[PDB]
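**Q** Okay, handing you the structure first.
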Amino acid sequence: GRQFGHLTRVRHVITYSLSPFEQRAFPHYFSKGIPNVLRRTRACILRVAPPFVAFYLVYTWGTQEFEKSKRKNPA
Amino acid sequence: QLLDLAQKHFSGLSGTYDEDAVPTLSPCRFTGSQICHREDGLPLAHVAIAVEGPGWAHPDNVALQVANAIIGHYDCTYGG
């Protein structure tokens, strides 16, 4: 296990931070938030959805074909 | 001796003064915040941590200074 002070070499980086008591918890919750979720849905719908839509079709057809297989019109 | 010299050398800032531009200091908002300049090429780290103090006039600067004395100061060359 490593601790702080022994992790890595970092040079010339300034970090400005604010106290949680000086700043609001939800700055622009819906105004900045809603655009962001839509943006990262858009960024991933082409990788996440096409296997599930493919399963949905293989599920919808499979269930249909299972029902209409036992029944028969001629003797 | 001193007052004579001040009338002797500093008189000549009257006639007519101020009026148009009266500049009084507006108070300065203190923020609880952090500035971290990471530099691993420097041998020793420097840290300055402070809360908001009351200012010159406040009577309880004396009491704060007593507590600051109790904590005091240190240096590697101190004999103690």
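Here's how to read the names in the structure tokens: chain A, B, ... by the order shown, residue numbers from 1 in each chain, ligand numbers from 1 in the order shown.
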Can I get the residues of chain A within 10 Å of chain B, each with the closest pair of atoms and their distance in Å to one decimal, using only C-alpha atoms, sorted chain first then ascending number, as CSV?
**A**
```
residue,atom,partner,partner_atom,distance
A:5,CA,B:40,CA,9.9
A:8,CA,B:40,CA,9.1
A:9,CA,B:40,CA,6.1
A:10,CA,B:40,CA,5.9
A:11,CA,B:39,CA,4.5
A:12,CA,B:39,CA,5.3
A:13,CA,B:38,CA,5.3
A:14,CA,B:37,CA,4.2
A:15,CA,B:36,CA,5.0
A:16,CA,B:35,CA,4.8
A:17,CA,B:34,CA,4.9
A:18,CA,B:33,CA,4.4
A:19,CA,B:32,CA,5.1
A:20,CA,B:32,CA,8.6
A:21,CA,B:32,CA,7.9
A:22,CA,B:32,CA,6.8
A:23,CA,B:32,CA,9.9
```
**Q** If you run DSSP on the backbone, which residues of segment 5-62 of chain B are strand (DSSP E or B), as a PyMOL selection string?
**A** chain B and resi 33-39
**Q** With C-alpha atoms retained, write the just-selected residues as a PDB file, in the first residue's frame.
**A**
```pdb
ATOM      1  CA  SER B  33     -10.505  28.625   0.230  1.00  0.00           C
ATOM      2  CA  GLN B  34      -7.360  26.767  -0.859  1.00  0.00           C
ATOM      3  CA  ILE B  35      -4.469  27.507  -3.200  1.00  0.00           C
ATOM      4  CA  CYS B  36      -2.153  24.576  -3.919  1.00  0.00           C
ATOM      5  CA  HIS B  37       0.949  25.141  -6.043  1.00  0.00           C
ATOM      6  CA  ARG B  38       2.344  21.614  -6.357  1.00  0.00           C
ATOM      7  CA  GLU B  39       6.089  21.687  -7.040  1.00  0.00           C
TER       8      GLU B  39
END
```
**Q** Between atom CA of residue 40 of chain A and atom CA of residue 55 of chain A, what distance in Å does the model show, to one decimal?
**A**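 Between atom CA of residue 40 of chain A and atom CA of residue 55 of chain A the gap is 22.9 Å.
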**Q** Report as a list in words: the residues of chain B with a DSSP assignment of helix (DSSP H, G or I), based on the backbone of this structure.
**A**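 For chain B, the helix (DSSP H, G or I) set is residues 2, 3, 4, 5, 6, 7, 8, 9, 61, 62, 63, 64, 65, 66, 67, 68, 69, 70 and 71 of chain B.
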**Q** What would the file look like if the residues just selected were written as a PDB file, in the first residue's frame with N, CA and C atoms?
**A**
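Result went into out.pdb, see below:
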```pdb
ATOM      1  N   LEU B   2       9.969  70.135  15.877  1.00  0.00           N
ATOM      2  CA  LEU B   2       9.367  69.329  14.821  1.00  0.00           C
ATOM      3  C   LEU B   2       8.170  69.995  14.156  1.00  0.00           C
ATOM      4  N   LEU B   3       7.290  70.593  14.969  1.00  0.00           N
ATOM      5  CA  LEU B   3       6.097  71.302  14.470  1.00  0.00           C
ATOM      6  C   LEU B   3       6.466  72.527  13.625  1.00  0.00           C
ATOM      7  N   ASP B   4       7.548  73.216  14.029  1.00  0.00           N
ATOM      8  CA  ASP B   4       8.095  74.365  13.291  1.00  0.00           C
ATOM      9  C   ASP B   4       8.499  73.943  11.884  1.00  0.00           C
ATOM     10  N   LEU B   5       9.201  72.806  11.811  1.00  0.00           N
ATOM     11  CA  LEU B   5       9.719  72.260  10.560  1.00  0.00           C
ATOM     12  C   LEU B   5       8.628  71.763   9.617  1.00  0.00           C
ATOM     13  N   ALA B   6       7.545  71.246  10.194  1.00  0.00           N
ATOM     14  CA  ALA B   6       6.397  70.771   9.425  1.00  0.00           C
ATOM     15  C   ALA B   6       5.619  71.919   8.785  1.00  0.00           C
ATOM     16  N   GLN B   7       5.507  73.043   9.501  1.00  0.00           N
ATOM     17  CA  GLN B   7       4.954  74.273   8.916  1.00  0.00           C
ATOM     18  C   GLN B   7       5.950  74.895   7.922  1.00  0.00           C
ATOM     19  N   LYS B   8       7.247  74.685   8.175  1.00  0.00           N
ATOM     20  CA  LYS B   8       8.320  75.207   7.328  1.00  0.00           C
ATOM     21  C   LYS B   8       8.448  74.502   5.972  1.00  0.00           C
ATOM     22  N   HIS B   9       8.126  73.202   5.929  1.00  0.00           N
ATOM     23  CA  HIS B   9       8.390  72.369   4.739  1.00  0.00           C
ATOM     24  C   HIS B   9       7.198  71.608   4.151  1.00  0.00           C
ATOM     25  N   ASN B  61      -7.726  41.727  19.770  1.00  0.00           N
ATOM     26  CA  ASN B  61      -6.441  41.436  19.109  1.00  0.00           C
ATOM     27  C   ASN B  61      -5.366  41.071  20.143  1.00  0.00           C
ATOM     28  N   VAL B  62      -5.488  41.668  21.338  1.00  0.00           N
ATOM     29  CA  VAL B  62      -4.602  41.409  22.476  1.00  0.00           C
ATOM     30  C   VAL B  62      -4.705  39.939  22.919  1.00  0.00           C
ATOM     31  N   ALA B  63      -5.943  39.460  23.108  1.00  0.00           N
ATOM     32  CA  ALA B  63      -6.219  38.077  23.538  1.00  0.00           C
ATOM     33  C   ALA B  63      -5.804  37.017  22.511  1.00  0.00           C
ATOM     34  N   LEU B  64      -5.954  37.352  21.221  1.00  0.00           N
ATOM     35  CA  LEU B  64      -5.531  36.476  20.120  1.00  0.00           C
ATOM     36  C   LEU B  64      -4.026  36.336  20.077  1.00  0.00           C
ATOM     37  N   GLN B  65      -3.339  37.453  20.346  1.00  0.00           N
ATOM     38  CA  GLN B  65      -1.887  37.516  20.371  1.00  0.00           C
ATOM     39  C   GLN B  65      -1.277  36.710  21.519  1.00  0.00           C
ATOM     40  N   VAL B  66      -1.982  36.675  22.663  1.00  0.00           N
ATOM     41  CA  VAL B  66      -1.588  35.875  23.843  1.00  0.00           C
ATOM     42  C   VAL B  66      -1.635  34.371  23.502  1.00  0.00           C
ATOM     43  N   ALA B  67      -2.688  33.957  22.793  1.00  0.00           N
ATOM     44  CA  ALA B  67      -2.857  32.567  22.378  1.00  0.00           C
ATOM     45  C   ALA B  67      -1.829  32.181  21.310  1.00  0.00           C
ATOM     46  N   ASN B  68      -1.523  33.143  20.427  1.00  0.00           N
ATOM     47  CA  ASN B  68      -0.494  33.007  19.395  1.00  0.00           C
ATOM     48  C   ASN B  68       0.906  32.910  20.003  1.00  0.00           C
ATOM     49  N   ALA B  69       1.072  33.500  21.184  1.00  0.00           N
ATOM     50  CA  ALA B  69       2.305  33.398  21.945  1.00  0.00           C
ATOM     51  C   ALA B  69       2.419  32.018  22.600  1.00  0.00           C
ATOM     52  N   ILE B  70       1.294  31.505  23.136  1.00  0.00           N
ATOM     53  CA  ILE B  70       1.226  30.156  23.760  1.00  0.00           C
ATOM     54  C   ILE B  70       1.653  29.082  22.747  1.00  0.00           C
ATOM     55  N   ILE B  71       1.134  29.184  21.512  1.00  0.00           N
ATOM     56  CA  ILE B  71       1.553  28.316  20.418  1.00  0.00           C
ATOM     57  C   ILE B  71       2.976  28.715  19.995  1.00  0.00           C
TER      58      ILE B  71
END
```
**Q** To one decimal place, how far is atom CA of residue 47 of chain A from atom CA of residue 64 of chain A in Å?
**A**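 Atom-to-atom, atom CA of residue 47 of chain A to atom CA of residue 64 of chain A, that is 27.5 Å.
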